[PDB]
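Chains as they are written, first to last, in our numbering: chain A, 152 to 301; chain B, 251 to 391; chain C, 270 to 415; chain D, 264 to 371; chain E, 7 to 58; chain F, 6 to 41.
In what follows, a single structure is set out as structure tokens and then discussed.
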Amino acid sequence: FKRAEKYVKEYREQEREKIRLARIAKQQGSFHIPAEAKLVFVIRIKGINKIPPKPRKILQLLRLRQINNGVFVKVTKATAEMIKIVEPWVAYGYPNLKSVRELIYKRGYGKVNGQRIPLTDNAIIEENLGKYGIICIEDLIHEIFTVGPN
Amino acid sequence: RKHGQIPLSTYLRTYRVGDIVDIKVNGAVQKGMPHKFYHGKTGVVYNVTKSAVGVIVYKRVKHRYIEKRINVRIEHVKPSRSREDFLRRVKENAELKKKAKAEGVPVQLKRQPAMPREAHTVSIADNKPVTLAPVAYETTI
Amino acid sequence: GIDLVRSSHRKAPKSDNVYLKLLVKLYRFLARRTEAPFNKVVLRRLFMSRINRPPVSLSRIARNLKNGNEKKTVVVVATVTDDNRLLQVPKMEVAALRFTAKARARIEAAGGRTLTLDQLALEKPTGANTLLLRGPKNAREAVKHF
Amino acid sequence: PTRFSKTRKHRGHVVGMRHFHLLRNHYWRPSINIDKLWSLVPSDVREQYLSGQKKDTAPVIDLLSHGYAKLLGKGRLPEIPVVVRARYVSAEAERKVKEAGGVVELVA
Amino acid sequence: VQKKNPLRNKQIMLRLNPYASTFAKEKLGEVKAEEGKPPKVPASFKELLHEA
Amino acid sequence: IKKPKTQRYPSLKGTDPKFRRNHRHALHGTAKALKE
RNA sequence: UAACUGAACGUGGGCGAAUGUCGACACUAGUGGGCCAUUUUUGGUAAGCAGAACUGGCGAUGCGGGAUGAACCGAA
RNA sequence: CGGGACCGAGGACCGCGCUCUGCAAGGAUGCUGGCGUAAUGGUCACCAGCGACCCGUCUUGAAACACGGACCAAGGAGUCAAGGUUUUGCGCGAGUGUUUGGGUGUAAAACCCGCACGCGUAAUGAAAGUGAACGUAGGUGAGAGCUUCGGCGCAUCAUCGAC
Numbered sequence: 152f153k154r155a156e157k158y159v160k161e162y163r164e165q166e167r168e169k170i171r172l173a174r175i176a177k178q179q180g181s182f183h184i185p186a187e188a189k190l191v192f193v194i195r196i197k198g199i200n201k202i203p204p205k206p207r208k209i210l211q212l213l214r215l216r217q218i219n220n221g222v223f224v225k226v227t228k229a230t231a232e233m234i235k236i237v238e239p240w241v242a243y244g245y246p247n248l249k250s251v252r253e254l255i256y257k258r259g260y261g262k263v264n265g266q267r268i269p270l271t272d273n274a275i276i277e278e279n280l281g282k283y284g285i286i287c288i289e290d291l292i293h294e295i296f297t298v299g300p301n
Numbered sequence: 251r252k253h254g255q256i257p258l259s260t261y262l263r264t265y266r267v268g269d270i271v272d273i274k275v276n277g278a279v280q281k282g283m284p285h286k287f288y289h290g291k292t293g294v295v296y297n298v299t300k301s302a303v304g305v306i307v308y309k310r311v312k313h314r315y316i317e318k319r320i321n322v323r324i325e326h327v328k329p330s331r332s333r334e335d336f337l338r339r340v341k342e343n344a345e346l347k348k349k350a351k352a353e354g355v356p357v358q359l360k361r362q363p364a365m366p367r368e369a370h371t372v373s374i375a376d377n378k379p380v381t382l383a384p385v386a387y388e389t390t391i
Numbered sequence: 270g271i272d273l274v275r276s277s278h279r280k281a282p283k284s285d286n287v288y289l290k291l292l293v294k295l296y297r298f299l300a301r302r303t304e305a306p307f308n309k310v311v312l313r314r315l316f317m318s319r320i321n322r323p324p325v326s327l328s329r330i331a332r333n334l335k336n337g338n339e340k341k342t343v344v345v346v347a348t349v350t351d352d353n354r355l356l357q358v359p360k361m362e363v364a365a366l367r368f369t370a371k372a373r374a375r376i377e378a379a380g381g382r383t384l385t386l387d388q389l390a391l392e393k394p395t396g397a398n399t400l401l402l403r404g405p406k407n408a409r410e411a412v413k414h415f
Numbered sequence: 264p265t266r267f268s269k270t271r272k273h274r275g276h277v278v279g280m281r282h283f284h285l286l287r288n289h290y291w292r293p294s295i296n297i298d299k300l301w302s303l304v305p306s307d308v309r310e311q312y313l314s315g316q317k318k319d320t321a322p323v324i325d326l327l328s329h330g331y332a333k334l335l336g337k338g339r340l341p342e343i344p345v346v347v348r349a350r351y352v353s354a355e356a357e358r359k360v361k362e363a364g365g366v367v368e369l370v371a
Numbered sequence: 007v008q009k010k011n012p013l014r015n016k017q018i019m020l021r022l023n024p025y026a027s028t029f030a031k032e033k034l035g036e037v038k039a040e041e042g043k044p045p046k047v048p049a050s051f052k053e054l055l056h057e058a
Numbered sequence: 006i007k008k009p010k011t012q013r014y015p016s017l018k019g020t021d022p023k024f025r026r027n028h029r030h031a032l033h034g035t036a037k038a039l040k041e
């Protein structure tokens, strides 16, 4: 409860802080360049027919083996080259908080012992990710959205 | 490589077993020359002899790799800078981790790839932007 | 469509021996309800075929009985075989699937004890102080032609 | 059995020199090693000899009666004197018998 | 036996997130901005914006 | 084309016989030193 | 090596980019100088065309769309 | 905050929870009506909408061509012996194999018996011939299991030795 309260406060403060920095730069007669995005959401929208081996291997390593499969991906140069290679099969972009929380609430499934278990209770998340400090669904959403150390 | 005299610091480089060496064949010296293949290849020293060294190369034939042991004179071998980025790094982690453990504060000690840049503010004063057309106007002149 | 393996080991013995089925049931219960890996290894070897269970001789046991292994209980999931080249059989407590008549006679004459695997399960259910031995797998004319 | 066959399942989907007149009985010379020499003794008497109940008696073994012509020398022998009567013997087997304390006697 | 959507069944929402009731009660999705008269746009900004 | 497995200790078969003989004598000496 | 000066190998002690997540045998096969196409490349022709390398498809394959269909598009 | 469609899997309790006398919280119950039979359901025949080339074989990379097919019933094509090889089950195990034969019998069965012999237990060389322990049957690195927690270390693999 306290952790979710802190997370909501942090999200609101980050939004107003970005707006405030842009406004003070505009008022001082300059331009505030916002930070480049750290989180991307990649969706494979093309089928599995007639695909070259290198894009097939990269789509396999991105865990996109089916059309309409989506993954949360950290933005880095080493990953961005792979995504640039598999651009003719995927659509990617920068998701927001509602996208992240709606995805993990509605289609949230975890890999527990090699099995696809729905995220219906916080006990599963605490059992499989509690060593990293992620004990509930709000920590999972916060880690995905803010791109934490885990 | 220029024609004539060979530089003499080639003979003053000391090779030991386990060192990583390139093979750059010198055309002037015909003794100890390897094949047409194994030129421009990187390998491991296993045997050190008076004027030659033994290099472990992994040749490819069909659908498998075969180990080859090639005897090459010191004329055609050059020290390879592949693992200098490893040795300097592992030394640097050794003293940095010793210092960080002594001090107390944990650090990020793995090399990280290029992350996206953070937010910053760019001043307009004395750097006023110039307006560009799709073509240059002095070019349309 | 999606762009994407059975096991390659025995899960039940191919034999129809009812006594072997009883032993399999007992060691299945032991391997399920105990934490000892010895029970699982004995169950896996009980599953195996005859060519995967070569015989273990008395000289082979006497070799492994040395170096502080004299009082350990020898466990061999195979047939224990007599060796005429071993003149003096040391005192040994052996649990096995089968004993040849001369090997059993020589063990009991030397003063040791012959056990079956159910007796081994009763006396040492966790396989404590046991020496688990196997015979030479590659000692066949079939294997030598491979 | 025919019913266990694959056909029933597929029902519907189809140097040196030459030796003229060689007699194999000339080269009948079976060999026994010394590590199997004590197995020719009967079991009770063998256990008495190996346990030392017999100290004034030495066993005599005829290899021809058991069907062996040569005594070979693979293995070790205990320190018990044995008389071994053989048609052939190797040098190492003869040596090992003499540090065992016995003797190899040649027969025909 | 049945996966229920937290965005539709509010009981699962309060099971997974006990702060949802406090969020809805305190109206944290309707937080107004801070008060104060906003400064006007600098003239140089509009001149650069409408520069040909 | 997978990379072939490499043994932990390469043989002294490839090396020169003088250093091979010296290394075998050194191994015998360190063996007796370890046994002591 | 002028030299415990080095060379290997041991004795003891202390301490590392991203993303995703098996090996060896036994026995038994069918196919191993086929067709089409994108890209690259070498020769040419009046025009055709003839060759090589990689990849994809077909032969082995249904479905939706090209009115229809071995080689097209989507999708298995 | 309404309007609509499809679905109701499970079967005492357990669990996560909440707005906590209870509940929309680990899967539908409550009330009511008609009928209680060809009414629901099913089979066959036919109409209607949509879909739908004649099966084999051959060819080649494939299609076409070519070949066979008037119809029906019955028959009709990877079998047995010998010798190898790998694997599965079994008996005995450094041995093993009674059944050439003999004894016996309720008589081609079953039961019993042994000499020889085959294969295995020793290889190598054209042959004469010779013929497998320096060592707890060796050292090193792995290695399941066990351990008094120091280590012992099966199979097996790599390597250096010995006969």
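Positions of the beta carbon are idealized from the N, C-alpha and C atoms, including for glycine.
When DSSP states are grouped into helix, strand and coil, B:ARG310 belongs to the strand group. With respect to chain A, the C-beta atom of E:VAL37 has a partner C-beta closer than 8 Å. Residue environment for B:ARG314: exposed (fewer than 16 other C-beta atoms within 10 angstroms of its C-beta). The beta carbon of E:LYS16 is closer than 8 Å to those of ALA26 in its chain, skipping five residues each way along the sequence. Across the stretch 342 to 361 of chain C, CB contacts with chain D closer than 9 Å involve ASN353, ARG354, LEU356, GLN357, in sequence order along the chain. Interface flag for B:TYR265 against chain F is unset, since no Cβ pair is found closer than 8 Å. Rounded to whole angstroms, C:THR350 and C:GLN388 show a C-alpha spacing of 20 Å.
With three or more CB-CB distances shorter than 8 Å, the stretch 278 to 292 of chain B counts as touching the stretch 315 to 326 of chain B. Going by C-alpha positions, E:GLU57 is about 15 Å away from B:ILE374. Interface annotation, D:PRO341: in contact with chain C, CB-CB separation under 8 Å. The continuous alpha helix (DSSP H) containing D:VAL308 extends over residues 306 to 314.
At least one beta carbon of chain B lies nearer than 8 Å to the beta carbon of F:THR20. Contact of A:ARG214 with chain C is not assigned, every C-beta pair being separated by 8 Å or more.
Taking 8 Å as the cut-off, the beta carbon of A:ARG216 is found no closer than this to the beta carbon of A:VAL222. In the DSSP assignment, D:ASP325 falls within the beta strand (DSSP E) that extends over 323 to 325. Using a 10 angstroms sphere on the CB of D:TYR331, the tally of other CB atoms reaches 16 or more, which defines it as buried.
Distance between D:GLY364 and F:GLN12, taken at the CA atoms: about 50 Å. Every alpha helix (DSSP H) stretch that sits fully inside the stretch 192 to 241 of chain A and reaches 4 residues is listed by chain position as 204 to 212, 228 to 236. Using a Cβ-Cβ cut-off of 8 Å, D:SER353 does not count as an interface residue toward chain C, since no Cβ of chain C sits closer than that to its own.
Look at D:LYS333 here: in three-state DSSP terms it is strand. Rounded to whole angstroms, C:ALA378 and D:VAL346 show a C-alpha spacing of 28 Å.
Looking at the DSSP output, E:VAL7 shares a beta bridge with no other residue. In the three-state reduction of the DSSP assignment, C:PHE368 falls in the strand class.
Straight across, the Cα-Cα distance linking E:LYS38 with A:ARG167 is about 11 Å.
Taking D:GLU368 as the centre and dropping the five residues before and after it, the same chain places the C-beta of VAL346, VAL347, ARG348, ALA349 closer than 8 Å to its C-beta, in chain order. Scanning the stretch 266 to 305 of chain B for uninterrupted beta strand (DSSP E) segments of 3 residues or longer gives 270 to 273, 292 to 298, listed from N- to C-terminal end.
At a cut-off of 8 Å, the C-beta of B:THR371 has no neighbouring C-beta in chain E. Counting along the chain, the unbroken beta strand (DSSP E) around C:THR348 starts and ends at 342 to 350. For the C-beta of A:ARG163, the chain E residues within less than 8 Å are, from N- to C-terminus, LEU34, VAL37. C:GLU362 sits in a strand when the DSSP states are folded into three classes.
By the rule that beta-carbons nearer than 8 Å mark a contact, C:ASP285 does not touch chain A. The Cβ atoms of D:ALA356 and D:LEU326 lie no closer than 8 Å to each other. A:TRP240 is classed as buried because its beta carbon has at least 16 other beta carbons within 10 Å across all chains shown. Against chain F, the beta carbon of B:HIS313 has neighbours under 8 Å at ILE6, listed in chain order.
Each residue's CA atom was taken as its position, placing D:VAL360 and D:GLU310 some 19 Å apart.
Cα atoms of A:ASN273 and E:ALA30: separation of roughly 21 Å, rounded to the nearest angstrom.
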